[PDB]
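Colleague: start29.cif is reproduced below (mmCIF, N, CA and C atoms and all ligand atoms).
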data_final
loop_
_atom_site.label_atom_id
_atom_site.label_comp_id
_atom_site.auth_asym_id
_atom_site.auth_seq_id
_atom_site.Cartn_x
_atom_site.Cartn_y
_atom_site.Cartn_z
N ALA A 1 -68.39 32.53 -16.99
CA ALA A 1 -66.93 32.57 -16.65
C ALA A 1 -66.85 32.72 -15.12
N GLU A 2 -65.87 33.44 -14.59
CA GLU A 2 -65.65 33.41 -13.13
C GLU A 2 -66.89 33.96 -12.39
N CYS A 3 -67.60 34.89 -13.03
CA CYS A 3 -68.74 35.56 -12.34
C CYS A 3 -70.10 35.00 -12.75
N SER A 4 -70.12 33.70 -12.98
CA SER A 4 -71.42 33.03 -13.21
C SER A 4 -71.38 31.63 -12.67
N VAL A 5 -72.58 31.06 -12.51
CA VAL A 5 -72.71 29.67 -12.11
C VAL A 5 -73.95 29.11 -12.78
N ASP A 6 -73.89 27.82 -13.10
CA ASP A 6 -75.05 27.09 -13.60
C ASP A 6 -75.63 26.23 -12.51
N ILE A 7 -76.96 26.29 -12.38
CA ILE A 7 -77.62 25.45 -11.38
C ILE A 7 -78.82 24.80 -12.02
N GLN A 8 -79.06 23.58 -11.57
CA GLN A 8 -80.19 22.76 -12.06
C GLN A 8 -81.13 22.43 -10.94
N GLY A 9 -82.44 22.51 -11.22
CA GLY A 9 -83.47 21.96 -10.32
C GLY A 9 -84.19 20.86 -11.10
N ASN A 10 -84.37 19.70 -10.48
CA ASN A 10 -84.90 18.53 -11.19
C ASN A 10 -86.33 18.15 -10.76
N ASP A 11 -86.85 17.04 -11.31
CA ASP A 11 -88.23 16.63 -10.97
C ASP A 11 -88.38 16.11 -9.55
N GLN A 12 -87.25 15.85 -8.85
CA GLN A 12 -87.26 15.35 -7.48
C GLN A 12 -87.02 16.44 -6.41
N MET A 13 -87.18 17.71 -6.80
CA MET A 13 -87.09 18.85 -5.84
C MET A 13 -85.66 18.90 -5.24
N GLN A 14 -84.70 18.76 -6.13
CA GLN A 14 -83.27 18.92 -5.79
C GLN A 14 -82.59 19.96 -6.65
N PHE A 15 -81.87 20.86 -6.01
CA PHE A 15 -80.84 21.61 -6.72
C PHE A 15 -79.56 20.78 -6.72
N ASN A 16 -78.72 21.02 -7.70
CA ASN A 16 -77.48 20.27 -7.81
C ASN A 16 -76.27 20.80 -7.07
N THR A 17 -76.50 21.84 -6.30
CA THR A 17 -75.53 22.33 -5.30
C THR A 17 -76.27 22.89 -4.09
N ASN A 18 -75.62 22.91 -2.92
CA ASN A 18 -76.15 23.59 -1.75
C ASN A 18 -75.23 24.74 -1.27
N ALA A 19 -74.32 25.15 -2.14
CA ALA A 19 -73.36 26.19 -1.80
C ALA A 19 -72.78 26.84 -3.06
N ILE A 20 -72.92 28.16 -3.13
CA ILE A 20 -72.41 28.97 -4.20
C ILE A 20 -71.39 29.94 -3.59
N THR A 21 -70.24 30.04 -4.25
CA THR A 21 -69.21 31.01 -3.85
C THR A 21 -69.08 32.07 -4.94
N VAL A 22 -69.09 33.35 -4.57
CA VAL A 22 -68.98 34.46 -5.51
C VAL A 22 -67.69 35.19 -5.19
N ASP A 23 -66.84 35.33 -6.20
CA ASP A 23 -65.61 36.11 -6.08
C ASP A 23 -66.01 37.52 -5.75
N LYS A 24 -65.50 38.01 -4.62
CA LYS A 24 -65.88 39.33 -4.15
C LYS A 24 -65.48 40.51 -5.06
N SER A 25 -64.55 40.27 -6.01
CA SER A 25 -64.19 41.26 -6.98
C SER A 25 -65.06 41.29 -8.25
N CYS A 26 -66.00 40.35 -8.38
CA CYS A 26 -66.96 40.39 -9.49
C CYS A 26 -67.82 41.62 -9.38
N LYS A 27 -68.03 42.36 -10.45
CA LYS A 27 -68.93 43.51 -10.40
C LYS A 27 -70.39 43.06 -10.39
N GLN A 28 -70.66 42.02 -11.18
CA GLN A 28 -72.00 41.43 -11.30
C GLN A 28 -71.84 39.90 -11.17
N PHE A 29 -72.94 39.21 -10.88
CA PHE A 29 -72.93 37.78 -10.81
C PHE A 29 -74.17 37.27 -11.50
N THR A 30 -74.00 36.16 -12.24
CA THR A 30 -75.11 35.54 -13.02
C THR A 30 -75.32 34.11 -12.65
N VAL A 31 -76.59 33.76 -12.45
CA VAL A 31 -77.02 32.39 -12.21
C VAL A 31 -77.84 31.95 -13.41
N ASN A 32 -77.41 30.86 -14.04
CA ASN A 32 -78.10 30.24 -15.19
C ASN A 32 -78.83 29.02 -14.68
N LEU A 33 -80.14 29.15 -14.52
CA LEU A 33 -80.99 28.10 -14.02
C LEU A 33 -81.59 27.27 -15.14
N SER A 34 -81.55 25.97 -14.96
CA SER A 34 -82.21 25.03 -15.89
C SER A 34 -82.95 23.96 -15.10
N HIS A 35 -83.74 23.15 -15.80
CA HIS A 35 -84.68 22.21 -15.16
C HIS A 35 -84.72 20.89 -15.92
N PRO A 36 -83.74 19.99 -15.62
CA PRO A 36 -83.84 18.63 -16.16
C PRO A 36 -85.17 18.02 -15.74
N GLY A 37 -85.66 17.05 -16.53
CA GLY A 37 -86.85 16.26 -16.17
C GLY A 37 -87.93 16.51 -17.19
N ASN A 38 -89.17 16.14 -16.85
CA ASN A 38 -90.28 16.34 -17.77
C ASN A 38 -91.52 16.94 -17.16
N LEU A 39 -91.49 17.31 -15.89
CA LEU A 39 -92.69 17.85 -15.27
C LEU A 39 -92.89 19.29 -15.61
N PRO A 40 -94.16 19.68 -15.83
CA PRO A 40 -94.44 21.02 -16.28
C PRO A 40 -94.41 22.06 -15.12
N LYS A 41 -94.39 23.33 -15.48
CA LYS A 41 -94.24 24.42 -14.51
C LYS A 41 -95.30 24.43 -13.42
N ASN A 42 -96.55 24.09 -13.78
CA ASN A 42 -97.65 24.11 -12.82
C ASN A 42 -97.61 22.96 -11.78
N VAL A 43 -96.70 21.99 -12.00
CA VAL A 43 -96.50 20.85 -11.10
C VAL A 43 -95.17 20.88 -10.36
N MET A 44 -94.12 21.32 -11.07
CA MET A 44 -92.73 21.20 -10.56
C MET A 44 -91.88 22.37 -11.06
N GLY A 45 -92.48 23.55 -11.16
CA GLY A 45 -91.68 24.72 -11.51
C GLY A 45 -90.70 25.01 -10.39
N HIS A 46 -89.56 25.54 -10.80
CA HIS A 46 -88.51 25.97 -9.86
C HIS A 46 -88.08 27.41 -10.19
N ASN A 47 -87.63 28.09 -9.15
CA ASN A 47 -86.94 29.38 -9.34
C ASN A 47 -85.64 29.37 -8.52
N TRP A 48 -84.89 30.45 -8.63
CA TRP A 48 -83.70 30.64 -7.83
C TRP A 48 -83.83 32.05 -7.23
N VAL A 49 -83.84 32.11 -5.90
CA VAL A 49 -84.16 33.31 -5.15
C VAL A 49 -83.08 33.52 -4.11
N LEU A 50 -82.58 34.75 -4.05
CA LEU A 50 -81.53 35.13 -3.11
C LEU A 50 -82.01 36.12 -2.07
N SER A 51 -81.69 35.84 -0.80
CA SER A 51 -81.96 36.79 0.30
C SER A 51 -80.90 36.63 1.39
N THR A 52 -80.95 37.50 2.39
CA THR A 52 -80.19 37.21 3.61
C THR A 52 -80.75 35.95 4.26
N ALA A 53 -79.94 35.32 5.09
CA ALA A 53 -80.40 34.18 5.85
C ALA A 53 -81.62 34.55 6.69
N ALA A 54 -81.59 35.72 7.33
CA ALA A 54 -82.64 36.15 8.23
C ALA A 54 -83.98 36.40 7.51
N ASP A 55 -83.90 36.87 6.27
CA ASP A 55 -85.08 37.17 5.47
C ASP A 55 -85.70 35.96 4.77
N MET A 56 -84.98 34.84 4.71
CA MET A 56 -85.48 33.72 3.90
C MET A 56 -86.87 33.25 4.36
N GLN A 57 -87.07 33.05 5.66
CA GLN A 57 -88.37 32.53 6.12
C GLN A 57 -89.52 33.34 5.58
N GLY A 58 -89.43 34.66 5.72
CA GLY A 58 -90.51 35.55 5.34
C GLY A 58 -90.71 35.52 3.83
N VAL A 59 -89.60 35.57 3.09
CA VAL A 59 -89.68 35.50 1.62
C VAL A 59 -90.40 34.21 1.20
N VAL A 60 -90.04 33.10 1.81
CA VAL A 60 -90.66 31.77 1.49
C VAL A 60 -92.16 31.79 1.88
N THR A 61 -92.45 32.25 3.08
CA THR A 61 -93.83 32.25 3.57
C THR A 61 -94.72 33.05 2.63
N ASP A 62 -94.31 34.28 2.32
CA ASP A 62 -95.14 35.11 1.46
C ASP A 62 -95.11 34.67 0.00
N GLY A 63 -93.98 34.12 -0.44
CA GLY A 63 -93.80 33.62 -1.80
C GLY A 63 -94.68 32.43 -2.05
N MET A 64 -94.62 31.43 -1.18
CA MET A 64 -95.45 30.22 -1.39
C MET A 64 -96.93 30.57 -1.44
N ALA A 65 -97.34 31.61 -0.70
CA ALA A 65 -98.76 32.05 -0.63
C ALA A 65 -99.18 32.80 -1.92
N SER A 66 -98.21 33.25 -2.70
CA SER A 66 -98.48 34.17 -3.79
C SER A 66 -98.99 33.49 -5.08
N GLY A 67 -98.83 32.18 -5.16
CA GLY A 67 -99.36 31.41 -6.26
C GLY A 67 -98.47 31.32 -7.50
N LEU A 68 -98.82 30.38 -8.35
CA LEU A 68 -98.16 30.12 -9.59
C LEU A 68 -98.09 31.35 -10.48
N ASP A 69 -99.19 32.10 -10.58
CA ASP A 69 -99.24 33.24 -11.50
C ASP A 69 -98.33 34.39 -11.09
N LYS A 70 -97.84 34.36 -9.85
CA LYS A 70 -96.88 35.34 -9.34
C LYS A 70 -95.46 34.72 -9.14
N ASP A 71 -95.21 33.58 -9.79
CA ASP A 71 -93.94 32.85 -9.66
C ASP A 71 -93.61 32.54 -8.19
N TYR A 72 -94.64 32.45 -7.34
CA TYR A 72 -94.44 32.12 -5.92
C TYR A 72 -93.47 33.11 -5.23
N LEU A 73 -93.63 34.38 -5.60
CA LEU A 73 -92.92 35.48 -4.94
C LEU A 73 -93.90 36.59 -4.62
N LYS A 74 -93.77 37.13 -3.42
CA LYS A 74 -94.53 38.32 -3.10
C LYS A 74 -94.12 39.45 -4.05
N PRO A 75 -95.10 40.01 -4.77
CA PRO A 75 -94.76 41.13 -5.64
C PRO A 75 -94.06 42.27 -4.88
N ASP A 76 -92.99 42.80 -5.46
CA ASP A 76 -92.29 43.95 -4.88
C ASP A 76 -91.59 43.65 -3.57
N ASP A 77 -91.26 42.39 -3.31
CA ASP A 77 -90.60 41.98 -2.05
C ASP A 77 -89.16 42.51 -1.97
N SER A 78 -88.95 43.52 -1.13
CA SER A 78 -87.65 44.19 -1.05
C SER A 78 -86.56 43.33 -0.46
N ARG A 79 -86.92 42.21 0.16
CA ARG A 79 -86.01 41.24 0.75
C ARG A 79 -85.35 40.35 -0.29
N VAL A 80 -85.94 40.29 -1.48
CA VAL A 80 -85.42 39.43 -2.50
C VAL A 80 -84.33 40.22 -3.23
N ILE A 81 -83.08 39.82 -3.01
CA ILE A 81 -81.96 40.52 -3.60
C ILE A 81 -81.94 40.31 -5.12
N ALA A 82 -82.24 39.09 -5.55
CA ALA A 82 -82.27 38.73 -6.95
C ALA A 82 -83.09 37.48 -7.08
N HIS A 83 -83.72 37.29 -8.24
CA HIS A 83 -84.42 36.04 -8.49
C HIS A 83 -84.51 35.80 -10.00
N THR A 84 -84.49 34.54 -10.40
CA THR A 84 -84.88 34.14 -11.76
C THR A 84 -86.40 34.12 -11.82
N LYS A 85 -86.94 33.84 -13.00
CA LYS A 85 -88.36 33.54 -13.08
C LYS A 85 -88.53 32.07 -12.70
N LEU A 86 -89.79 31.69 -12.59
CA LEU A 86 -90.16 30.31 -12.35
C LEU A 86 -90.11 29.57 -13.70
N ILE A 87 -89.49 28.41 -13.73
CA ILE A 87 -89.34 27.66 -14.97
C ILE A 87 -89.84 26.20 -14.80
N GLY A 88 -90.37 25.64 -15.89
CA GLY A 88 -90.72 24.24 -15.95
C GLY A 88 -89.61 23.41 -16.57
N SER A 89 -89.82 22.10 -16.67
CA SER A 89 -88.82 21.23 -17.31
C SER A 89 -88.48 21.72 -18.71
N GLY A 90 -87.19 21.66 -19.03
CA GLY A 90 -86.72 21.96 -20.37
C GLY A 90 -86.58 23.43 -20.64
N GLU A 91 -86.95 24.25 -19.66
CA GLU A 91 -86.82 25.68 -19.77
C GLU A 91 -85.55 26.14 -19.09
N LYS A 92 -85.18 27.37 -19.39
CA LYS A 92 -83.94 27.98 -18.82
C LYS A 92 -84.20 29.46 -18.51
N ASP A 93 -83.58 29.98 -17.47
CA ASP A 93 -83.63 31.39 -17.20
C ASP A 93 -82.36 31.80 -16.47
N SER A 94 -81.90 33.02 -16.72
CA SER A 94 -80.70 33.59 -16.09
C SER A 94 -81.04 34.88 -15.34
N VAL A 95 -80.40 35.09 -14.19
CA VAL A 95 -80.50 36.36 -13.51
C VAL A 95 -79.10 36.90 -13.26
N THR A 96 -78.95 38.20 -13.48
CA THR A 96 -77.71 38.91 -13.13
C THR A 96 -78.02 39.96 -12.07
N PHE A 97 -77.12 40.08 -11.08
CA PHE A 97 -77.26 41.05 -10.02
C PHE A 97 -75.93 41.64 -9.64
N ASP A 98 -76.04 42.77 -8.99
CA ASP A 98 -74.89 43.59 -8.66
C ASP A 98 -74.26 43.10 -7.39
N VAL A 99 -73.00 42.66 -7.46
CA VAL A 99 -72.25 42.14 -6.28
C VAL A 99 -72.02 43.15 -5.20
N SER A 100 -72.17 44.44 -5.51
CA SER A 100 -72.24 45.47 -4.44
C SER A 100 -73.49 45.38 -3.58
N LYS A 101 -74.49 44.62 -4.00
CA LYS A 101 -75.64 44.35 -3.13
C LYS A 101 -75.20 43.45 -1.95
N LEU A 102 -73.93 42.96 -1.95
CA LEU A 102 -73.57 41.92 -1.04
C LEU A 102 -72.35 42.29 -0.19
N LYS A 103 -72.46 41.88 1.06
CA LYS A 103 -71.47 42.19 2.07
C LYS A 103 -70.58 40.99 2.36
N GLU A 104 -69.27 41.21 2.27
CA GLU A 104 -68.33 40.28 2.82
C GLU A 104 -68.70 40.09 4.29
N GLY A 105 -68.69 38.86 4.75
CA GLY A 105 -69.08 38.52 6.14
C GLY A 105 -70.58 38.33 6.43
N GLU A 106 -71.43 38.77 5.50
CA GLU A 106 -72.88 38.45 5.55
C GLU A 106 -73.21 37.03 5.04
N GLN A 107 -74.29 36.50 5.65
CA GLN A 107 -74.77 35.13 5.46
C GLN A 107 -75.90 35.20 4.46
N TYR A 108 -75.65 34.66 3.23
CA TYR A 108 -76.77 34.70 2.26
C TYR A 108 -77.27 33.30 2.00
N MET A 109 -78.55 33.23 1.63
CA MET A 109 -79.17 31.95 1.28
C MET A 109 -79.85 32.07 -0.08
N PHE A 110 -79.70 31.02 -0.91
CA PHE A 110 -80.52 30.89 -2.12
C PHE A 110 -81.47 29.73 -1.90
N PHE A 111 -82.61 29.79 -2.59
CA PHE A 111 -83.68 28.81 -2.36
C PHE A 111 -84.71 28.92 -3.46
N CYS A 112 -85.54 27.87 -3.52
CA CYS A 112 -86.63 27.75 -4.46
C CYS A 112 -87.93 27.93 -3.69
N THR A 113 -88.74 28.94 -4.02
CA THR A 113 -89.93 29.26 -3.19
C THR A 113 -91.24 28.48 -3.40
N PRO A 114 -91.38 27.73 -4.50
CA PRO A 114 -92.66 27.00 -4.63
C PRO A 114 -93.06 26.12 -3.46
N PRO A 115 -94.38 25.94 -3.29
CA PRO A 115 -94.91 25.09 -2.26
C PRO A 115 -94.18 23.76 -2.18
N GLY A 116 -93.70 23.46 -0.98
CA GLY A 116 -93.03 22.21 -0.71
C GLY A 116 -91.56 22.15 -1.06
N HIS A 117 -91.03 23.18 -1.73
CA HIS A 117 -89.65 23.08 -2.24
C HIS A 117 -88.55 23.69 -1.36
N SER A 118 -88.87 24.77 -0.64
CA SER A 118 -87.79 25.59 -0.07
C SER A 118 -86.96 24.84 0.98
N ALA A 119 -87.56 23.93 1.73
CA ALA A 119 -86.76 23.22 2.74
C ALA A 119 -85.86 22.21 2.09
N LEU A 120 -86.21 21.79 0.87
CA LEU A 120 -85.49 20.78 0.13
C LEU A 120 -84.53 21.36 -0.91
N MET A 121 -84.67 22.66 -1.16
CA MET A 121 -84.02 23.31 -2.30
C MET A 121 -83.50 24.66 -1.82
N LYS A 122 -82.40 24.57 -1.08
CA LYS A 122 -81.77 25.75 -0.48
C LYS A 122 -80.28 25.54 -0.36
N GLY A 123 -79.58 26.65 -0.19
CA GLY A 123 -78.14 26.60 0.01
C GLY A 123 -77.61 27.95 0.45
N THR A 124 -76.30 27.97 0.64
CA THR A 124 -75.62 29.22 1.00
C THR A 124 -75.01 29.89 -0.22
N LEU A 125 -74.90 31.21 -0.15
CA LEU A 125 -74.17 32.01 -1.12
C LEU A 125 -73.23 32.88 -0.28
N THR A 126 -71.95 32.78 -0.60
CA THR A 126 -70.95 33.50 0.17
C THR A 126 -69.89 34.11 -0.73
N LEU A 127 -69.43 35.27 -0.32
CA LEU A 127 -68.35 35.94 -1.05
C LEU A 127 -67.00 35.41 -0.57
N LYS A 128 -66.08 35.32 -1.51
CA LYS A 128 -64.72 34.90 -1.19
C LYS A 128 -63.76 35.78 -1.92
CU CU A 201 -88.41 24.22 -6.75
#
Would you mind giving the structure from this file in structure tokens?
Modeller:
Amino acid sequence: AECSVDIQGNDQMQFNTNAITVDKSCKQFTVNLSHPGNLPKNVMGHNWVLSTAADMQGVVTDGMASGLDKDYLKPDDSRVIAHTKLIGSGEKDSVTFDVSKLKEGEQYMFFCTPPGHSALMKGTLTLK
């Protein structure tokens, strides 16, 4: 409903949006991630990861280094505000997070951390 969004990552390393708006009065927000296509998780897995704009580089750098078995996220990374798990084609995962984690006027970015994906699979998240 108003406090959720559906996003897709496909076999061509595309998310289907580059901008998410969250109603600032939502108590929680949910992202429902899915993966059209047929490529398996070990080839074309995707996740959905939220951080500040400033933290994204570091999250991506350490995430890509962390490997498939760690969903390409640094374990215990305090910069990651919220994340789904890593999913392959035909799979689905949802994450819910507390909108009080987020500041009106702050610049947030969502992105996919797997090797080769983050520059191609990113966007803004902003409160309205
Ligand atoms: Cu991806």
Colleague: With all atoms listed in the file as the basis for distance, which of A:83, A:24, A:60, A:100 is at the shortest distance from residue A:118?
Modeller: A:60
Colleague: Report as a VMD selection string all protein, DNA and RNA residues lying within 12 Å of residue A:31, evaluated on only C-alpha atoms, omitting residues in the same chain fewer than 3 positions from it.
Modeller: chain A and resid 1 to 8 20 to 22 28 34 47 to 50 82 to 85 92 to 98 110 125
Colleague: Need to verify the contact set: residue A:127, 10 Å, only C-alpha atoms, exclusion of same-chain residues closer than 3 positions in sequence. Can you return it as a CSV table (one decimal) with N, CA and C atoms, in the coordinates of the input?
Modeller:
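Produced file around-v9.csv, reproduced below:
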chain,number,residue,atom,x,y,z
A,20,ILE,N,-72.9,28.2,-3.1
A,20,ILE,CA,-72.4,29.0,-4.2
A,20,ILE,C,-71.4,29.9,-3.6
A,21,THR,N,-70.2,30.0,-4.2
A,21,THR,CA,-69.2,31.0,-3.8
A,21,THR,C,-69.1,32.1,-4.9
A,22,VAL,N,-69.1,33.4,-4.6
A,22,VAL,CA,-69.0,34.5,-5.5
A,22,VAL,C,-67.7,35.2,-5.2
A,23,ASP,N,-66.8,35.3,-6.2
A,23,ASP,CA,-65.6,36.1,-6.1
A,23,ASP,C,-66.0,37.5,-5.8
A,24,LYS,N,-65.5,38.0,-4.6
A,24,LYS,CA,-65.9,39.3,-4.2
A,24,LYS,C,-65.5,40.5,-5.1
A,25,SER,N,-64.6,40.3,-6.0
A,25,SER,CA,-64.2,41.3,-7.0
A,25,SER,C,-65.1,41.3,-8.2
A,26,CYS,N,-66.0,40.4,-8.4
A,26,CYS,CA,-67.0,40.4,-9.5
A,26,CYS,C,-67.8,41.6,-9.4
A,99,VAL,N,-73.0,42.7,-7.5
A,99,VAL,CA,-72.2,42.1,-6.3
A,99,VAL,C,-72.0,43.2,-5.2
A,102,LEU,N,-73.9,43.0,-2.0
A,102,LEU,CA,-73.6,41.9,-1.0
A,102,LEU,C,-72.4,42.3,-0.2
A,103,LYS,N,-72.5,41.9,1.1
A,103,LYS,CA,-71.5,42.2,2.1
A,103,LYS,C,-70.6,41.0,2.4
A,104,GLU,N,-69.3,41.2,2.3
A,104,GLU,CA,-68.3,40.3,2.8
A,104,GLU,C,-68.7,40.1,4.3
A,105,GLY,N,-68.7,38.9,4.8
A,105,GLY,CA,-69.1,38.5,6.1
A,105,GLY,C,-70.6,38.3,6.4
A,106,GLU,N,-71.4,38.8,5.5
A,106,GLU,CA,-72.9,38.4,5.6
A,106,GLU,C,-73.2,37.0,5.0
A,107,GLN,N,-74.3,36.5,5.6
A,107,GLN,CA,-74.8,35.1,5.5
A,107,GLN,C,-75.9,35.2,4.5
A,108,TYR,N,-75.6,34.7,3.2
A,108,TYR,CA,-76.8,34.7,2.3
A,108,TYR,C,-77.3,33.3,2.0
Colleague: Of the candidates A:35, A:91, A:66, A:74, which one gets nearest to ligand CU 201 (chain A) if we count only C-alpha atoms and all ligand atoms?
Modeller: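 The answer is A:35, which sits nearest to ligand CU 201 (chain A).
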Colleague: Would you mind reading off the distance between atom CA of residue A:123 and atom CA of residue A:69, one decimal, in Å?
Modeller: 24.9 Å
Colleague: Sorted by chain and rising residue number, list the residues of chain A at most 8 Å from ligand CU 201 (chain A) (counting all atoms listed in the file), each with its closest atom pair and distance in Å to one decimal, as JSON lines.
Modeller:
{"residue": "A:9", "atom": "CA", "partner": "A:CU201", "partner_atom": "CU", "distance": 6.5}
{"residue": "A:10", "atom": "N", "partner": "A:CU201", "partner_atom": "CU", "distance": 7.1}
{"residue": "A:12", "atom": "C", "partner": "A:CU201", "partner_atom": "CU", "distance": 7.9}
{"residue": "A:13", "atom": "CA", "partner": "A:CU201", "partner_atom": "CU", "distance": 5.6}
{"residue": "A:14", "atom": "N", "partner": "A:CU201", "partner_atom": "CU", "distance": 6.6}
{"residue": "A:15", "atom": "N", "partner": "A:CU201", "partner_atom": "CU", "distance": 7.4}
{"residue": "A:44", "atom": "C", "partner": "A:CU201", "partner_atom": "CU", "distance": 5.8}
{"residue": "A:45", "atom": "C", "partner": "A:CU201", "partner_atom": "CU", "distance": 4.4}
{"residue": "A:46", "atom": "CA", "partner": "A:CU201", "partner_atom": "CU", "distance": 3.6}
{"residue": "A:47", "atom": "N", "partner": "A:CU201", "partner_atom": "CU", "distance": 4.6}
{"residue": "A:48", "atom": "N", "partner": "A:CU201", "partner_atom": "CU", "distance": 7.4}
{"residue": "A:111", "atom": "C", "partner": "A:CU201", "partner_atom": "CU", "distance": 6.8}
{"residue": "A:112", "atom": "CA", "partner": "A:CU201", "partner_atom": "CU", "distance": 4.6}
{"residue": "A:113", "atom": "N", "partner": "A:CU201", "partner_atom": "CU", "distance": 5.5}
{"residue": "A:114", "atom": "N", "partner": "A:CU201", "partner_atom": "CU", "distance": 5.1}
{"residue": "A:115", "atom": "N", "partner": "A:CU201", "partner_atom": "CU", "distance": 7.1}
{"residue": "A:116", "atom": "C", "partner": "A:CU201", "partner_atom": "CU", "distance": 6.8}
{"residue": "A:117", "atom": "CA", "partner": "A:CU201", "partner_atom": "CU", "distance": 4.8}
{"residue": "A:118", "atom": "N", "partner": "A:CU201", "partner_atom": "CU", "distance": 6.2}
{"residue": "A:120", "atom": "C", "partner": "A:CU201", "partner_atom": "CU", "distance": 7.6}
{"residue": "A:121", "atom": "CA", "partner": "A:CU201", "partner_atom": "CU", "distance": 6.3}
Colleague: Only N, CA and C atoms, please: the residues just picked out, written as an mmCIF file, keeping the file's coordinate frame.
Modeller:
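This is the output file again.cif:
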data_model
loop_
_atom_site.group_PDB
_atom_site.id
_atom_site.type_symbol
_atom_site.label_atom_id
_atom_site.label_comp_id
_atom_site.auth_asym_id
_atom_site.auth_seq_id
_atom_site.Cartn_x
_atom_site.Cartn_y
_atom_site.Cartn_z
ATOM 1 N N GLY A 9 -82.440 22.510 -11.220
ATOM 2 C CA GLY A 9 -83.470 21.960 -10.320
ATOM 3 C C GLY A 9 -84.190 20.860 -11.100
ATOM 4 N N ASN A 10 -84.370 19.700 -10.480
ATOM 5 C CA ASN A 10 -84.900 18.530 -11.190
ATOM 6 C C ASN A 10 -86.330 18.150 -10.760
ATOM 7 N N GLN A 12 -87.250 15.850 -8.850
ATOM 8 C CA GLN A 12 -87.260 15.350 -7.480
ATOM 9 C C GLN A 12 -87.020 16.440 -6.410
ATOM 10 N N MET A 13 -87.180 17.710 -6.800
ATOM 11 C CA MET A 13 -87.090 18.850 -5.840
ATOM 12 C C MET A 13 -85.660 18.900 -5.240
ATOM 13 N N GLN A 14 -84.700 18.760 -6.130
ATOM 14 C CA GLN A 14 -83.270 18.920 -5.790
ATOM 15 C C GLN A 14 -82.590 19.960 -6.650
ATOM 16 N N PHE A 15 -81.870 20.860 -6.010
ATOM 17 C CA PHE A 15 -80.840 21.610 -6.720
ATOM 18 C C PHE A 15 -79.560 20.780 -6.720
ATOM 19 N N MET A 44 -94.120 21.320 -11.070
ATOM 20 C CA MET A 44 -92.730 21.200 -10.560
ATOM 21 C C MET A 44 -91.880 22.370 -11.060
ATOM 22 N N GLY A 45 -92.480 23.550 -11.160
ATOM 23 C CA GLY A 45 -91.680 24.720 -11.510
ATOM 24 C C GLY A 45 -90.700 25.010 -10.390
ATOM 25 N N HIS A 46 -89.560 25.540 -10.800
ATOM 26 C CA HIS A 46 -88.510 25.970 -9.860
ATOM 27 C C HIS A 46 -88.080 27.410 -10.190
ATOM 28 N N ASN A 47 -87.630 28.090 -9.150
ATOM 29 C CA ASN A 47 -86.940 29.380 -9.340
ATOM 30 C C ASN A 47 -85.640 29.370 -8.520
ATOM 31 N N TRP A 48 -84.890 30.450 -8.630
ATOM 32 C CA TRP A 48 -83.700 30.640 -7.830
ATOM 33 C C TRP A 48 -83.830 32.050 -7.230
ATOM 34 N N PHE A 111 -82.610 29.790 -2.590
ATOM 35 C CA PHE A 111 -83.680 28.810 -2.360
ATOM 36 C C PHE A 111 -84.710 28.920 -3.460
ATOM 37 N N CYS A 112 -85.540 27.870 -3.520
ATOM 38 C CA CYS A 112 -86.630 27.750 -4.460
ATOM 39 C C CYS A 112 -87.930 27.930 -3.690
ATOM 40 N N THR A 113 -88.740 28.940 -4.020
ATOM 41 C CA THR A 113 -89.930 29.260 -3.190
ATOM 42 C C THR A 113 -91.240 28.480 -3.400
ATOM 43 N N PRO A 114 -91.380 27.730 -4.500
ATOM 44 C CA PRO A 114 -92.660 27.000 -4.630
ATOM 45 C C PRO A 114 -93.060 26.120 -3.460
ATOM 46 N N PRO A 115 -94.380 25.940 -3.290
ATOM 47 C CA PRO A 115 -94.910 25.090 -2.260
ATOM 48 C C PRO A 115 -94.180 23.760 -2.180
ATOM 49 N N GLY A 116 -93.700 23.460 -0.980
ATOM 50 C CA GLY A 116 -93.030 22.210 -0.710
ATOM 51 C C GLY A 116 -91.560 22.150 -1.060
ATOM 52 N N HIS A 117 -91.030 23.180 -1.730
ATOM 53 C CA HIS A 117 -89.650 23.080 -2.240
ATOM 54 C C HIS A 117 -88.550 23.690 -1.360
ATOM 55 N N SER A 118 -88.870 24.770 -0.640
ATOM 56 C CA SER A 118 -87.790 25.590 -0.070
ATOM 57 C C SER A 118 -86.960 24.840 0.980
ATOM 58 N N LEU A 120 -86.210 21.790 0.870
ATOM 59 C CA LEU A 120 -85.490 20.780 0.130
ATOM 60 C C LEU A 120 -84.530 21.360 -0.910
ATOM 61 N N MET A 121 -84.670 22.660 -1.160
ATOM 62 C CA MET A 121 -84.020 23.310 -2.300
ATOM 63 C C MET A 121 -83.500 24.660 -1.820
#
